[PDB]
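Single-structure report; data block below.
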Amino acid sequence: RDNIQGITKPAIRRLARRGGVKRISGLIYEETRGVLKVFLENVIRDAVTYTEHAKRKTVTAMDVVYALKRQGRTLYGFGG
Amino acid sequence: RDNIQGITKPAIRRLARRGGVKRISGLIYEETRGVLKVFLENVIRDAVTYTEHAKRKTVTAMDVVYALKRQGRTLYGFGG
Amino acid sequence: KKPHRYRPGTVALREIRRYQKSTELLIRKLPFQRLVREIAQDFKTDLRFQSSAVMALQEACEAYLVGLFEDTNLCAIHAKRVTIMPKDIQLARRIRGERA
Amino acid sequence: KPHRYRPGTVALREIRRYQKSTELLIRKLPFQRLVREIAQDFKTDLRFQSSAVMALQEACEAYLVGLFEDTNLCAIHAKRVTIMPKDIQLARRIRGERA
Amino acid sequence: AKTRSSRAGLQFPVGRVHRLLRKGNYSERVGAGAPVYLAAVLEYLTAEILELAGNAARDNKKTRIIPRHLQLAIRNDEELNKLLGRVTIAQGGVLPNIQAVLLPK
Amino acid sequence: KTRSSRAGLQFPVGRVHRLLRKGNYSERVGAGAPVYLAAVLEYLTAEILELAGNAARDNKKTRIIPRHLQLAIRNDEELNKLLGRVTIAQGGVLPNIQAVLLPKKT
Amino acid sequence: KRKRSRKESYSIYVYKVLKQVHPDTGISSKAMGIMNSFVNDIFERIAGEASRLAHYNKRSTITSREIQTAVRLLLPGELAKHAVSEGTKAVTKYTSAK
Amino acid sequence: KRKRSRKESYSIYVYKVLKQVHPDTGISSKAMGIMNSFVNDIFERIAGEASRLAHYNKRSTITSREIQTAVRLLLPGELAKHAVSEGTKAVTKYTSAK
Ligand SMILES: [Ca+2]
Ligand SMILES: [Ca+2]
Ligand SMILES: [Ca+2]
């Protein structure tokens, strides 16, 4: 079972709503999943790189924060 | 008389022609001059601040190339 | 003897007001977590994840895609529309600079 | 009667012309007087390296060149061929230059 | 008090900053006026945001700042928005904004 | 007896090592660091000069120019990404007209 | 025992400033992680910029001057003006202090 | 009158590499102008990333490891593989030279 499907249609609507979206194509869900799947693969490829360099087997919040700042999308409240 | 208009309708056209544009609203020209002028104001603000900081009365190619690295518009082939 | 139903749109507009009012995480947390490990494995197996790290992943995913919807809605409205679509997404992402 | 082209096919030449070449497509002296006039607000009596103004112009062109590649995709999305201030205003808002 | 931060009148740590700039690989050397100057800058930007968020908490009948009160103080002040343009504020949400062409008549 | 020749590298292992020490990157610098870095900066230099030099030959020319650089880079998937926010001067754009602005039935 | 390595933060000075600007309000730890990240982000911005300034003029030393300049590069209009107003006020007050 | 001051450049090295790759292929001055900004930019990036890696592991020293890591971080896929290949080779050859 590909977990990705676990990103439910009803979650994807809730996000969109927050974005001021009122009506939505049904096709979107499959595009929102691959978009989402890209975004993570990039960030976790980075997060796991820092981790691999620190020699650990545990990915930290710092491993994510450094990956997100490399990716342009800097994040506050998990240790800047 | 304050230059801005010197960026000619023919010129603006030519740029757009490079950039895939087949047909050009008449209000574009004035818009694109607002755009280009803001873009310059900010690049030049930076380069001149680098100037002021090097204690100089002449702007350099680098003052620019540094300024455009801070605006994220890394320019190759004029130093650095 | 009235069955008073809402018109196709009005619970969309409430749902908006609501979730813009709130800050809580809108994907269900467990599915996300497992997915995150299913992505990770493709680089390194047998990986452990701080709880807070996986929150730091989600917090980013949602706020990314929240953003991506905002812009994707402005792409729809541009096209004289109110339904978002795959071609609204992909334009935002192109103009954002995410794919060639 | 004389020959005339179909309103569009010369723009299509103009496009294939200007994409093929690399020269600067703004008038260099006007660009320079503007630049100096912009600058002089930030500091009077500045001088400029000719390479500096030609760096500024190389970025100015290629940014707007790209803004029109964008602004055209914005225009085509609205099933249009004519670029419009809205298309520029969108590309700029989606680019985060504008908000 | 004997400490530099008390010399400048500044809450933020002069001494800490000055050590961090050494240990942070910026330049070979660091003047005694640099960390003072930087400490006062980081204090101000704190002080604006805490003044504005501290009022976003006084908008919700709270006496405690949360990640939302920051987000609102941030995205509604134009200048701080520009500063924090690439910045994800966790548990901040978004600003309340629905387009006009989605509303009813 | 030189370091570049000891590594087999046309780039300066030394200069790169100096540059490292002087660029305020870290307190200290390993002895592989500059060998590795130079070697990478060899290869990325080499990967463009090939493609650029193809494009130059595909313009029937001898001497590579900013155009023959831009082409090679924007027509390679990877490199394009690598220099994604990099204005190459005097290099132009690729020839590209979106197909909904072509001729009807051609 | 006595673990957790001793980790540093600005959280006490966020608290000292907070009580100046609003004595009678306080702040969540979630909110203090944003404030701490924020300080750490701008710190890193202003020092990396001042680093380059000093590098570009072949200057070894990062003076108050390099920060003044790097402030002006990073902050926008009215936020920059004040920043320099305050930071100059601190150095004038501290050179008095000896 | 005086000599002009030194302005270093990679341009001999770029030529050396260009002549391996395409022996009958020259290069303009502007083209070299670019290839120089090219390297110097990718130095600034790889060093900068390796600088942050060490600082995140509290390491004083940028070794050959912190480069390789930063190379994987910054380059695209097949670009990075060969980049990891040729740098690994480089240090291997220099250590067995002594
Ligand atoms: Ca004027
Ligand atoms: Ca004036
Ligand atoms: Ca030293």
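Chains as they are written, first to last, in the entry's author numbering: chain L, 23 to 102; chain P, 23 to 102; chain K, 36 to 135; chain O, 37 to 135; chain Q, 14 to 118; chain M, 15 to 120; chain R, 28 to 125; chain N, 28 to 125.
Don't be surprised by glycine CBs; every beta carbon is placed ideally from N, CA and C.
1) Counting C-beta neighbours from all protein chains within 10 Å, is the total for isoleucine 62 (chain O) 16 or more, i.e. buried, or is it exposed?
2) Using CA coordinates, which residue listed in K:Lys37, K:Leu70, K:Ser57, K:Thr80 is at the minimum distance from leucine 108 (chain Q)?
3) Between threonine 76 (chain Q) and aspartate 51 (chain R), what straight-line distance do the alpha-carbon atoms span, to the nearest angstrom?
4) Spatial neighbours of residue 126 (chain R) within its chain, please: CB distance less than 8 Å, with the 5 preceding and 5 following residues excluded, ordered by chain position.
5) Check whether chain K comes within 8 Å of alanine 114 (chain O), counting only Cβ atoms and requiring the distance to be less than that.
6) Is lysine 74 (chain M) buried or exposed, if buried means 16 or more other CB atoms sit within 10 Å of its CB?
7) If I follow the unbroken beta strand (DSSP E) through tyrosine 98 (chain P), where does it start and stop?
8) Could you give the residue range of the beta strand (DSSP E) that holds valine 100 (chain M)?
9) Taking the straight line between their C-alpha atoms, what separation do you get for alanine 76 (chain L) and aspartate 68 (chain P)?
10) Jot down the residue ranges of each uninterrupted alpha helix (DSSP H) in the region 41-125 of chain K, minimum 4 residues, whole runs only, in chain order.
11) Alpha carbon to alpha carbon, how far is residue 139 (chain K) from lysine 125 (chain N)?
12) Going along chain Q in order, which residues have a C-beta closer than 7 Å to the C-beta of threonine 58 (chain K)?
13) Pick out whichever of Q:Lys15, Q:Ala47, Q:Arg20, Q:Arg35 has its Cα sitting closest to the Cα of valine 98 (chain R).
14) For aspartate 106 (chain O), I'd like the list of residues in its chain whose CB is within less than 6 Å of its CB, leaving aside the five on either flank, ordered along the chain.
15) For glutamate 94 (chain O), is the classification buried or exposed, using 16 other Cβ atoms within 10 angstroms of its Cβ as the cut-off for buried?
16) Which two residues bound the contiguous alpha helix (DSSP H) that contains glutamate 93 (chain N)?
17) Span of the alpha helix (DSSP H) holding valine 114 (chain Q)?
18) For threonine 76 (chain Q), name the three-state secondary structure that DSSP assigns.
19) Give me, in chain order, the residues of the same chain whose beta-carbon lies closer than 8 Å to that of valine 27 (chain Q); leave out the 5 immediate sequence neighbours on both sides.
20) Does the distance from the C-beta atom of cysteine 96 (chain K) to that of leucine 62 (chain L) stay below 8 Å?
21) Between the alpha carbons of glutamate 56 (chain Q) and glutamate 105 (chain R), how many angstroms are there, rounded?
22) Could you compute how far the alpha carbon of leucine 48 (chain K) sits from the alpha carbon of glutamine 76 (chain K)?
23) Please check if any C-beta of chain O sits within less than 8 Å of the C-beta of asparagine 89 (chain M).
24) To which residues of the same chain is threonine 54 (chain L) closer than 6 Å at the C-beta, ignoring the five residues directly before and after it?
25) Say the cut is 7 Å; is the CB of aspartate 77 (chain O) nearer than that to a heavy atom of ligand 1?
26) When the Cβ atoms of the region 33-41 of chain M are set against those of the region 74-84 of chain N, are three or more pairs found closer than 8 Å?
27) Using a beta-carbon distance cut-off of less than 9 Å, what residues from the region 96-127 of chain K approach chain O?
28) With DSSP as the reference, please indicate the residues paired to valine 81 (chain P) in a beta bridge.
29) Can you tell me whether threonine 59 (chain Q) is helix, strand or coil according to DSSP?
30) Run the Cβ filter for me: residues under 7 Å from any heavy atom of ligand 3, listed in the order they occur in the chain.
31) Start and end of the alpha helix (DSSP H) containing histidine 31 (chain M)?
32) May I ask you to report which of helix, strand or coil DSSP gives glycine 48 (chain L)?
33) Check for me: the alpha helix (DSSP H) holding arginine 36 (chain P) runs from which residue to which?
34) Take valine 111 (chain R) as the anchor and find which of Q:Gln112, Q:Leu58, Q:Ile111 has the nearest alpha-carbon.
35) Mind checking which residues open and close the alpha helix (DSSP H) that includes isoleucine 69 (chain N)?
36) Counting only beta-carbon separations shorter than 8 Å, does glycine 102 (chain L) have a partner in chain K?
If we stick to the structure as given:
1) Residue mapping note: residue 62 (chain O) aligns to position 26 of the fourth sequence, counting from 1. Counting Cβ neighbours within 10 Å, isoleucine 62 (chain O) comes out buried, since at least 16 surround it.
2) On the fifth sequence, residue 108 (chain Q) is found 95 positions in, with the first residue counted as 1. Checking every option, the nearest Cα to that of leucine 108 (chain Q) belongs to K:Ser57.
3) Within the fifth sequence, residue 76 (chain Q) is the residue found at index 63, counting from 1. Within the seventh sequence, residue 51 (chain R) is the residue found at index 24, counting from 1. So the two alpha carbons sit approximately 7 Å from each other.
4) The requested residue 126 (chain R) does not occur in the structure, where chain R is confined to residues 28 to 125.
5) Within the fourth sequence, the letter at position 78 stands for residue 114 (chain O). Yes, because at least one Cβ of chain K sits closer than 8 Å to the Cβ of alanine 114 (chain O).
6) By 1-based counting over the sixth sequence, the position of residue 74 (chain M) is 60. That one is exposed.
7) Taking the second sequence and counting its residues from 1, the one referred to as residue 98 (chain P) is at position 76. Counting along the chain, the beta strand (DSSP E) containing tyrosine 98 (chain P) begins and ends at 96-98.
8) Numbered from its first residue, the sixth sequence carries residue 100 (chain M) at position 86. Residues 100-102.
9) On the first sequence, position 54 is the one that residue 76 (chain L) refers to. On the second sequence, position 46 is the one that residue 68 (chain P) refers to. About 38 Å.
10) 45-56, 64-75, 86-113
11) Given a span of 36 to 135 for chain K in the structure shown, any question on residue 139 (chain K) remains unanswerable.
12) To locate residue 58 (chain K), count along the third sequence from 1; it is residue 23. Those are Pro80, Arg81, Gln104, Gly105, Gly106, listed as they occur along chain Q.
13) In the seventh sequence, residue 98 (chain R) corresponds to position 71, counting from 1. It is Q:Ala47.
14) The residue you call residue 106 (chain O) lines up with position 70 of the fourth sequence. Closer than 6 Å at the Cβ level, and outside the excluded window around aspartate 106 (chain O), lie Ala127.
15) Mapped onto the fourth sequence, residue 94 (chain O) falls at position 58. By the 10 Å Cβ count, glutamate 94 (chain O) comes out buried.
16) Here residue 93 (chain N) refers to the residue found at position 66 when the eighth sequence is read from its first residue. Taken as a continuous stretch (DSSP letters only), the alpha helix (DSSP H) holding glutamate 93 (chain N) covers 91-101.
17) If you number the fifth sequence from 1, residue 114 (chain Q) lands on position 101. Premise fails: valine 114 (chain Q) is in no alpha helix (DSSP H) and is neither H nor E.
18) Mapped onto the fifth sequence, residue 76 (chain Q) falls at position 63. In this structure, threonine 76 (chain Q) counts as coil in the three-state DSSP scheme.
19) Taking the fifth sequence and counting its residues from 1, one reaches residue 27 (chain Q) at position 14. Closer than 8 Å at Cβ, skipping near neighbours: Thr16, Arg17, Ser18, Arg20, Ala21, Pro48, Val49, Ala52.
20) For this step, residue 96 (chain K) is matched to residue 61 along the third sequence. For this step, residue 62 (chain L) is matched to residue 40 along the first sequence. Yes, they are a contact pair.
21) In the fifth sequence, residue 56 (chain Q) corresponds to position 43, counting from 1. In the seventh sequence, residue 105 (chain R) corresponds to position 78, counting from 1. Cα to Cα, the separation comes out at about 16 Å.
22) Start at 1 with the first residue of the third sequence, and residue 48 (chain K) comes out as number 13. Start at 1 with the first residue of the third sequence, and residue 76 (chain K) comes out as number 41. Roughly 40 Å separates the two Cα atoms.
23) In the sixth sequence, residue 89 (chain M) corresponds to position 75, counting from 1. Output row for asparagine 89 (chain M): interface = no.
24) Residue numbering aside, residue 54 (chain L) sits at position 32 when the first sequence is read from its first letter. Once the five neighbours on either side are set aside, the close Cβ partners of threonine 54 (chain L) are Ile34.
25) Within the fourth sequence, numbered from 1, the residue matching residue 77 (chain O) stands at position 41. Within the cutoff, so yes.
26) yes
27) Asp106, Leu109, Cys110, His113, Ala114, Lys115, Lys122, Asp123, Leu126, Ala127
28) Here residue 81 (chain P) refers to the residue found at position 59 of the second sequence. The partner list for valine 81 (chain P) (beta bridge, DSSP) reads O:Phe84.
29) One-based indexing of the fifth sequence puts residue 59 (chain Q) at position 46. DSSP places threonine 59 (chain Q) in helix when its eight states are reduced to three.
30) Q:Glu41, M:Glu41
31) Taking the sixth sequence and counting its residues from 1, one reaches residue 31 (chain M) at position 17. It spans 27-36 - the alpha helix (DSSP H) in which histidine 31 (chain M) sits, taken as one unbroken run.
32) If you number the first sequence from 1, residue 48 (chain L) lands on position 26. Coil.
33) Mapped onto the second sequence, residue 36 (chain P) falls at position 14. Per DSSP, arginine 36 (chain P) belongs to the alpha helix (DSSP H) from 31-40.
34) By one-based count along the seventh sequence, residue 111 (chain R) stands at place 84. With distances taken between Cα atoms, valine 111 (chain R) lies closest to Q:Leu58.
35) Taking the eighth sequence and counting its residues from 1, one reaches residue 69 (chain N) at position 42. Its alpha helix (DSSP H) spans residues 56-83.
36) To locate residue 102 (chain L), count along the first sequence from 1; it is residue 80. No, no contact with chain K.
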